[PDB]
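Chains as they are written, first to last, in the deposited numbering: chain C, 3 to 503; chain A, 219 to 290; chain g, 313 to 363; chain F, 18 to 496; chain E, 250 to 494. Take a look at the structure set out below.
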Amino acid sequence: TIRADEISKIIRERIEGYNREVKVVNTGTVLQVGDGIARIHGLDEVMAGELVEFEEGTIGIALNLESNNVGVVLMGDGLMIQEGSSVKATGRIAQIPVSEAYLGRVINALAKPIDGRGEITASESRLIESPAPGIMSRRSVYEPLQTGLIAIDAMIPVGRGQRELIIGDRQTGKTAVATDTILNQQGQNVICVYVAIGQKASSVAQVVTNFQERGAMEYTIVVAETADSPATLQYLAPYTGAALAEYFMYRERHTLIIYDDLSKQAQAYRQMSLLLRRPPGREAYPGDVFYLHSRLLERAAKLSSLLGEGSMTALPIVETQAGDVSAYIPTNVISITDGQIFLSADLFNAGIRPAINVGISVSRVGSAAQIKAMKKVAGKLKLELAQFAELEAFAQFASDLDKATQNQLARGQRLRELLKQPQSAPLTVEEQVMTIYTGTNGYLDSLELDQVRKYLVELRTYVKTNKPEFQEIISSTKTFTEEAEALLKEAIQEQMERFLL
Amino acid sequence: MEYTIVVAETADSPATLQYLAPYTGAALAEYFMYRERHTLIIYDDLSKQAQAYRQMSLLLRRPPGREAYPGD
Amino acid sequence: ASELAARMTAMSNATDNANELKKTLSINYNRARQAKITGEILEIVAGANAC
Amino acid sequence: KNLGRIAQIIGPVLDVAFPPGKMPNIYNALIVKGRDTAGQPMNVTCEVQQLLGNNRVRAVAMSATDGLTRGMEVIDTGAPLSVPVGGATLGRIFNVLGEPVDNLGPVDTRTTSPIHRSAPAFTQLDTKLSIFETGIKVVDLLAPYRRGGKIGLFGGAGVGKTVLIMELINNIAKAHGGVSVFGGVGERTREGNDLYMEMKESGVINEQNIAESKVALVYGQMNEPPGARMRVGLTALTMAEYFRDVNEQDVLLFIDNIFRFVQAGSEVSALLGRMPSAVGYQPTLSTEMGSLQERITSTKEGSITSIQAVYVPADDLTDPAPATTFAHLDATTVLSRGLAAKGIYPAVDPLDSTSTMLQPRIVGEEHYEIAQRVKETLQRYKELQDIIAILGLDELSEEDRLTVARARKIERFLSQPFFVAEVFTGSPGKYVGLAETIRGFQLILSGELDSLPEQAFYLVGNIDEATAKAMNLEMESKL
Amino acid sequence: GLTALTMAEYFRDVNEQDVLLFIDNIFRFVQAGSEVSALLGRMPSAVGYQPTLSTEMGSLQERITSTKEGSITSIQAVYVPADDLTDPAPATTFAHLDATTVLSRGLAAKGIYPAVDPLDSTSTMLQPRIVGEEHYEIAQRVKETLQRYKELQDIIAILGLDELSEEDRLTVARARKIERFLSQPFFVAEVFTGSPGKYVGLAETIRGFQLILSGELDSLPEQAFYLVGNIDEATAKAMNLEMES
Ligand SMILES: Nc1ncnc2c1ncn2[C@@H]1O[C@H](COP(=O)(O)OP(=O)(O)OP(=O)(O)O)[C@@H](O)[C@H]1O
Ligand SMILES: CC(C)C[C@@H]1NC(=O)[C@H](C)N(C)C(=O)CNC(=O)/C(=C\c2ccccc2)N(C)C1=O
Ligand SMILES: Nc1ncnc2c1ncn2[C@@H]1O[C@H](COP(=O)(O)OP(=O)(O)O)[C@@H](O)[C@H]1O
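Have a look at this one:
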């Protein structure tokens, strides 16, 4: 790849086609530096929201403009801003240039790529705080968004346009749920965006590696701000992800946004408002934290027919310490979000991966978006799993040697056996309905509980290769047809004869 | 008492001398320790000394910290 | 022997329940202590900012 | 270069007026030339924490401010806190700002580094989730460590914390190019000198030819002023990341412990007049934690791994200091007083040691199933301690006797004669590689070494050494 | 809140109409003032809220009274924050109401939906001059037995039920039947559970609870009463679940 022959003319292409404009710009003088605030003695007609640029490169945003100074906020470590030096009010009010060129490229909070691949070509501009869709710009959700997990996509479904909070403790598998959801969208026109607030760099680097190797970078964006980054970049980056998602949402395209996590944005805003000296509220959070989360989370919806059937699905994350749901940030986000997916750390530590809590988990619009086939096959799964969670309690004394309780132990341990899954190995809806239906009919009660996962992957691969009809019937009818039931029964009986013999 | 020195500054004293007194005890024990001689010292109590110092700080408008004790 | 075995079993159940109650009491106690410490610090800095 | 006067001091924080335009950037060193009690010229170093305005900046003092009157000459260096790096730092004990306190002599090697430096970029950072191989059998099997990862300590006194530190140091510095930067913030001086002379007599600091040692030591003393026990961790961190960046060693970092760093951060911020966070920690808790932790990674040059003790306030993991420390930790190694009282060292607790590395698709399916079965055997025995070892004894079951016997074998086999326990307790040292740990515990489990005495695996290295010890004890049995 | 209030106030004043009002949820209307008062520079009151808190409450609530000209009945949700009932905003909401019905988290997590806390729900209209003697009597004895089980709940949770007297397990069993019969499937929440909505009268709720407290129904099990409407739905539920063997 030689470039010396073309550089001799692309050095001259930069000169030609240039306007040499003149513009009266505002300009102030920096006075105080500290706690992420810079009071600027200037800026007579500055807009509260200007992208105030600093003479040492750092971009800032004008907030506290009283009468004799404008207290801007620094997007980044305003370290080398030399005192007295000028600022320049860029005229634009806190925008993000957006295009399709981000698809694959990682990105900071301030839209600046850190991929080391190139620059992002974006002529269109979206506001970082665009107004959320009102009451007429919306439409109740019916298209599913399948996360690839049996339990989630079975009994707590997620619509296209429904917030599902992934609430759970530290190291309980929430990142695994989010990556499984993103990897399941390898075919569907769901332009995912994964924003990662305040995480370790090795985690996001490993996830970026997973996203590239699993053939998934073609439709995702990674908005990354680590714990090294300032409080303001972390506080801002969810809104950057929301602007990036709303660009594709308004152009009739379904998208997916995953904040990771909203609790880190709450800590960043607590540091921000405490270094701003705002009298904070419930255990030192600022009183504005509910607004902080709502003014981004209520931007996720299903856009109307007149608006174009776009969608934004938000999968926020809230870490809970000591398992308490009553704490301030999770009880706020639950009041904002539609449903929650609790990830029980005692299940996860016992060895139930993923550790979806079957009972607390809620979906408001779950059964609407859950398809007819999954509905008809997952009703009985829900009934039997609920009764197993009840029968496991006090299982020993009263109901020890009953026919129903021995059968339900072999159908309630085995149901849980077929719920568990390997991380980064999603099941499309066909394998989901098949592996649910065999536990619904009960064709594994006689099997050993240790051979169950192998039996399920063998059933999956047999119906994959040797049954090229079931996928087509489940895709076409979108209903568990009795013809599909017949041919699947044929597959189940022959695979059982392979395995037991 | 043939060897024991007992420095003392009771509650009716200002916060200043209560804050000071353990340092005078420590200087006496330091001196006798630097004469190649083994020593001992009893502080009773550090809570009263900390309350005296906290009062001396809060009167000087030093910023209060956890349970009003200053950051020192 | 049957009643002593039933008694051992009932004590086992009571130890299980007492362990779990100890756990949830520790949880709520951590929350109570943290909220009380925070409330003290907030009232103290509020009074210091008042004067 | 800008000569500044001292305007205000309130304890360890200072108010340095400056010439009007030129002014030090935040986190710059300020040397305030002062005097002693008899007036001999001494210097107190400061670090700009805030640029207050009207040609005046605020600084926090790394040294004690007794000797600094109002209107003194404050010289700026223009760059942040510099410490020496290279071979001179190896083998010595350093203060907060890099003036060594071993009293053998001054430092050399005029290369240096700022105490505050950016994290490695997203492109440099290695994705390969390696394993930190160690000469210890239990932290190879039960709780594996990540290369570049963060490991926590929770064992108290008399359980063998410092011997485990020296064992990691010897194993990394024998098996590979190991360099150990022990940075102890909140280090009370007598325990620090105990640590120093323990390192001295255990052969890890060579005194006849210094700088050929394996360790570099920084001390954050208790009596040091507020910012000192914040910045000692960053001192040790930059001294370690030089070794990472230019010599491509596998650096081993020790922050004992992180709670004193968090507390000193809170106390600096509380003296700065900042509104505190929830429980009372500094408003900037998470970012202060991150800008210390996310400089400890693995790049394509080398890899700095840190093992940092933690103190948890009244064992409350819901507190912000532990719950934010674990947001960057990967594994934990909870030493037991129980395995110290039983008398098998190292005194770790296998049921209470967690690792994110112990997954099948990270370290192998064989290692995974071996660790899982070993955990299940010990979890059998721990409940069976009350059952048979106290009361029952009713010929428990042969399928349960087979677990009790091999749980005895495994509790004996978890120990290992350390290199630096030799002069201490009389145990000649052995390195046991990871594959040898897995194969040894494999054969302890698999029903091939049940017949030998249970003491044939106690204080032994590999498994072949265990069978040989069985033959030698049986020669003493036929004696 | 004031917009909806004057938009109902005109109807009630001029058209003389009985007006309904449904606000959801006024804790956000409190938090709005608590968020703007920290920006107006005013000194922060109790833990986070504004000093003018109860006056802020009254300036809505006192205008929502009925007159001789009309009527305003105002159902409202009052979100208690962090599952705390004694926070200043619900605490000052509790005074300007004619009935409180507090919604538990324990009864929600245990599945008896609606999760109304029975004996922490109170109304100013449970008086024998309004609802008559029989209704108030049955309600009083129901609350008595529920509190008896509530007092015994600690002793039950630590050890169990065998340690009790027979006269105590009679109340524990009656209240275990009541705690399930306090559920009722909703005409809205049928799309969640699957059990379609049931409207039950007061005059039959009283007779169902009288049949429970008499002891003419205590023989059939406790999960029979779960998620039904009338009392005959519970008795037919008991008769039905003894057919599917
Ligand atoms: N279903 C699963 N199968 C196998 N491994 C899993 C599964 N779910 C989670 N894990 C493993 O558990 C570990 C922690 O999970 P994960 O990272 O998703 O949780 P987390 O909340 O992001 O943790 P942290 O926030 O500390 O990074 C990961 O190493 C992951 O590989
Ligand atoms: C931060 C940017 C991207 C959007 C802001 N606006 C909002 O998000 C909404 C609409 N808010 C809070 C406002 O209307 C006021 N704006 C701000 O508070 C802010 C700034 C702010 C600073 C510190 C704490 C909180 C807020 N803006 C300048 C905005 O324009
Ligand atoms: N391999 C070993 N063999 C014998 N004793 C050991 C071994 N490892 C540790 N110990 C014992 O553990 C003690 C170390 O305790 P130490 O780590 O100094 O406690 P602290 O955490 O207070 O520093 C030593 O006194 C030693 O007797």
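Using N, Cα and C, we set each Cβ at its ideal position, and we do this for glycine too.
ask   = Would you say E90(F) and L20(F) are within 8 Å of each other, going by their C-beta atoms?
value = Within the fourth sequence, the letter at position 73 stands for residue 90(F). Within the fourth sequence, the letter at position 3 stands for residue 20(F). When the beta-carbon positions are compared, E90(F) and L20(F) come within less than 8 Å of each other.
query = Which residues bound the beta strand (DSSP E) around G93(C)?
reply = The residue given as residue 93(C) occupies position 91 in the first sequence. Annotation for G93(C): the continuous beta strand (DSSP E) segment containing it runs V89 to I95.
First through last residue of the alpha helix (DSSP H) which encompasses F435(E) = Along the fifth sequence, read from residue 1 onward, the residue named residue 435(E) stands at position 186. From DSSP, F435(E) is part of no alpha helix (DSSP H); its letter is neither H nor E.
key: Whole beta strand (DSSP E) elements within the segment 261-328 of chain E, 3-residue minimum   = For the segment 261-328 of chain E, whole beta strand (DSSP E) runs of length 3 or above, ordered along the chain, are 267-273 and 320-326.
inquiry  = Assuming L170(F) is part of the beta strand (DSSP E), what are its boundary residues?
reply    = Taking the first residue of the fourth sequence as 1, we reach residue 170(F) at position 153. Run containing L170(F): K167 to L170, per the beta strand (DSSP E) assignment.
message = Tell me the residue span of the beta strand (DSSP E) that contains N66(C).
response = As a working mapping, residue 66(C) is identified with position 64 in the first sequence. First-last of the beta strand (DSSP E) with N66(C): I61 to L67.
query = Quick one: what does DSSP say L375(E) is sitting in, helix, strand or coil?
reply = Within the fifth sequence, the letter at position 126 stands for residue 375(E). When secondary structure is reduced to three states using DSSP, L375(E) falls in the coil class, being assigned neither helix nor strand.
ask   = Since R280(C) meets chain E, which of its residues come closer than 7 Å, beta carbon to beta carbon?
value = Reading the first sequence from its first residue, position 278 is the one you call residue 280(C). Those are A287, listed as they occur along chain E.
request  = Please list, following the chain, all residues that have a C-beta closer than 5 Å to any non-hydrogen atom of ligand 2.
outcome  = With the criterion CB distance below 5 Å from any heavy atom of ligand 2, the matching residues run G51(C), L65(C), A96(C), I130(C) and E131(C) along the chain.
ask   = Taking any Cβ of chain F, which residues in the segment 217-238 of chain C have a Cβ under 9 Å from it, in chain order?
value = Taking 9 Å as the Cβ-Cβ cut-off against chain F, the residues of the segment 217-238 of chain C that qualify are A226, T228, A229, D230, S231, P232, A233 and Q236.
message = Measuring only the C-alpha atoms, how far is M306(E) from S315(E)?
response = Along the fifth sequence, read from residue 1 onward, the residue named residue 306(E) stands at position 57. Along the fifth sequence, read from residue 1 onward, the residue named residue 315(E) stands at position 66. For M306(E) and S315(E), the gap between their C-alpha atoms comes out near 17 Å.
message = Given the structure, does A178(C) come close to ligand 1, in the sense that its CB is under 7 Å from one of the ligand's heavy atoms?
response = Here residue 178(C) corresponds to residue number 176 of the first sequence, with the count starting at 1. In this structure, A178(C) has its beta carbon less than 7 Å from a heavy atom of ligand 1.
task = List the residues of chain C whose Cβ lies closer than 7 Å to the Cβ of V440(E), in chain order.
result = Taking the first residue of the fifth sequence as 1, we reach residue 440(E) at position 191. For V440(E), the chain C residues whose Cβ falls inside 7 Å of its Cβ are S369, in order along the chain.
ask   = Any heavy atom of ligand 1 within a distance shorter than 7 Å of the CB on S205(C)?
value = Here the question's residue 205(C) lines up with position 203 in the first sequence. Checking every heavy atom of ligand 1 against the Cβ of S205(C), one is found closer than 7 Å.
key: Helix, strand or coil at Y271(A) [DSSP, three-state]   = Counted from its first residue, the second sequence places residue 271(A) at position 53. Correct three-state label for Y271(A): helix.
inquiry  = Taking beta-carbon pairs under 9 Å, can you tell me which members of the segment 311-327 of chain C lie near chain g?
reply    = For the segment 311-327 of chain C, the set of residues with a beta-carbon nearer than 9 Å to any beta-carbon of chain g comprises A324, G325 and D326, in chain order.
message = Would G341(C) and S365(C) qualify as a contact pair, given that the criterion is a beta-carbon distance under 8 Å?
response = Numbered from 1 along the first sequence, position 339 holds the residue referred to as residue 341(C). Numbered from 1 along the first sequence, position 363 holds the residue referred to as residue 365(C). Between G341(C) and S365(C), the CB-CB gap stays under 8 Å.
request  = Please decide whether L408(E) counts as near chain g, where near means a Cβ-Cβ distance under 8 Å.
outcome  = Locating residue 408(E) in the fifth sequence gives position 159, counting from the first residue. Chain g contact via Cβ: present.
query = In angstroms, rounded to a whole number, what distance separates the CA positions of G319(F) and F260(F)?
reply = Residue 319(F) sits at position 302 when you count from the first residue of the fourth sequence. Residue 260(F) sits at position 243 when you count from the first residue of the fourth sequence. Their Cα atoms are separated by approximately 9 Å.
ask   = Is the shortest distance between the beta-carbon of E241(F) and the beta-carbons of chain A less than 8 Å?
value = Locating residue 241(F) in the fourth sequence gives position 224, where the first residue counts as 1. For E241(F), the answer is no, since every Cβ of chain A falls outside 8 Å of its Cβ.
request  = Go ahead and pull the three-state DSSP assignment for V225(A).
outcome  = Locating residue 225(A) in the second sequence gives position 7, where the first residue counts as 1. It is coil, neither helix nor strand.
query = Closest Cβ-Cβ distance between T327(g) and chain F: below 8 Å?
reply = Residue numbering aside, residue 327(g) sits at position 15 when the third sequence is read from its first letter. Contacts with chain F at 8 Å (Cβ-Cβ) do not include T327(g).
ask   = What residues from chain E crowd round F292(C), counting only those whose CB sits closer than 7 Å?
value = Taking the first residue of the first sequence as 1, we reach residue 292(C) at position 290. Those within 7 Å of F292(C) in chain E are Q280.
inquiry  = I'd like the span of the alpha helix (DSSP H) that includes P339(E), first residue to last.
reply    = As a first step, residue 339(E) must be located in the fifth sequence, where it is residue number 90. Unbroken alpha helix (DSSP H) run through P339(E): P337 to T342.
ask   = Thinking just about the alpha-carbon of each residue, which of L288(E), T420(E) and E393(E) is nearest to the one in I405(E)?
value = Translated into the one-based positions of the fifth sequence, residue 405(E) becomes position 156. With distances taken between CA atoms, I405(E) lies nearest to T420(E) out of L288(E), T420(E) and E393(E).
query = Which value, in whole angstroms, describes the spacing of the CA atoms of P232(C) and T349(F)?
reply = Residue numbering aside, residue 232(C) sits at position 230 when the first sequence is read from its first letter. Residue numbering aside, residue 349(F) sits at position 332 when the fourth sequence is read from its first letter. If you take the alpha carbons of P232(C) and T349(F), they lie about 28 Å apart.
key: For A136(F), three-class secondary structure by DSSP   = Position 119 of the fourth sequence, counted from the start, is the residue given in the question as residue 136(F). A136(F) falls in the coil class under three-state DSSP.
key: Cβ pair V210(C), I259(C) closer than 8 Å   = Stepping through the first sequence from its first residue, residue 210(C) is reached at position 208. Stepping through the first sequence from its first residue, residue 259(C) is reached at position 257. The answer is no: Cβ separation not under 8 Å.
message = Quick check: the Cα distance between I361(E) and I455(F), rounded to an integer number of angstroms?
response = As a first step, residue 361(E) must be located in the fifth sequence, where it is residue number 112. As a first step, residue 455(F) must be located in the fourth sequence, where it is residue number 438. Going by the C-alpha atoms only, they are around 51 Å apart.
request  = Give a yes or no on whether 8 Å exceeds the smallest Cβ distance from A136(F) to chain C.
outcome  = Counting from 1 along the fourth sequence, the entry for residue 136(F) is found at position 119. Closer than 8 Å to some Cβ of chain C, the Cβ of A136(F) qualifies, so yes.
inquiry  = Once DSSP output is grouped into helix, strand and coil, what is the label at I193(C)?
reply    = In the first sequence, residue 193(C) corresponds to position 191, counting from 1. DSSP, reduced to helix, strand and coil, places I193(C) within a strand of the structure shown.
request  = State yes or no: is the C-beta of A371(C) within less than 8 Å of the C-beta of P159(C)?
outcome  = Within the first sequence, the letter at position 369 stands for residue 371(C). Within the first sequence, the letter at position 157 stands for residue 159(C). Using a Cβ distance threshold of 8 Å, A371(C) and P159(C) count as a contacting pair.
Check whether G169(F) and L356(F) have beta carbons under 8 Å apart = Position 152 of the fourth sequence, counted from the first residue, corresponds to residue 169(F). Position 339 of the fourth sequence, counted from the first residue, corresponds to residue 356(F). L356(F) sits away from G169(F), with the two beta carbons spaced by 8 Å or more.
ask   = Nearest-angstrom Cα distance between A287(F) and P281(A)?
value = Counting from one through the fourth sequence, the residue named residue 287(F) turns up at place 270. Counting from one through the second sequence, the residue named residue 281(A) turns up at place 63. One C-alpha to the other measures close to 7 Å.
ask   = Does at least one heavy atom of ligand 1 sit under 7 Å from the Cβ of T228(C)?
value = Along the first sequence, one-based indexing puts residue 228(C) at 226. Not under cutoff, so the answer is no.
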